[PDB]
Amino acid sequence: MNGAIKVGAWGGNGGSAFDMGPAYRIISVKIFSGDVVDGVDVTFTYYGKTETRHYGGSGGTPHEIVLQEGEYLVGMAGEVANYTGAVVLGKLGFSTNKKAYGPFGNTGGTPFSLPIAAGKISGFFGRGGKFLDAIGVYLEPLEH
């Protein structure tokens, strides 16, 4: 709605769908991983309020991406893996205009990659259960 662009999700069809929408300012992403990507905390601000939403399960070790002023997400990549009979994110990483993060997770499968020649990530959607079944992103231009 209202001109959104959503690409993905990459991953499986298990778990429950989630959708943050494109209206919030992402300030940090915490990826929980071990053998696979267990889940993600997305922290954002909106009208001066800070909120965190958790997607996926409770396992794994956290890895944080804390955006600095003028830093934005410009890429996402990883691997879709078969794990415990589920199709989930085995690995997940991100690029900002400042550096590369991850990938986090230790199970390979089918790679995916989202290089963004022009634009940036403005929100997330996907599916979560015990692990992070799938992830996709909202996009918006770098400026205008």
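Counting begins at 1, following the sequence as shown.
Legend: mean Cα B-factor per stretch from the PDB entry, 81-89 versus 64-72; the higher mean is in 64-72.
The stretch with the higher mean CA B factor, choosing between 110-118 and 43-51, is 43-51. Annotation for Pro22: CA B-factor lies in the highest third of the chain's modelled residues. Compared with the other modelled residues of the chain, the Cα B-factor recorded for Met1 ranks in the highest third. Ranked by C-alpha B-factor against the other modelled residues of its chain, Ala100 falls in the highest third.
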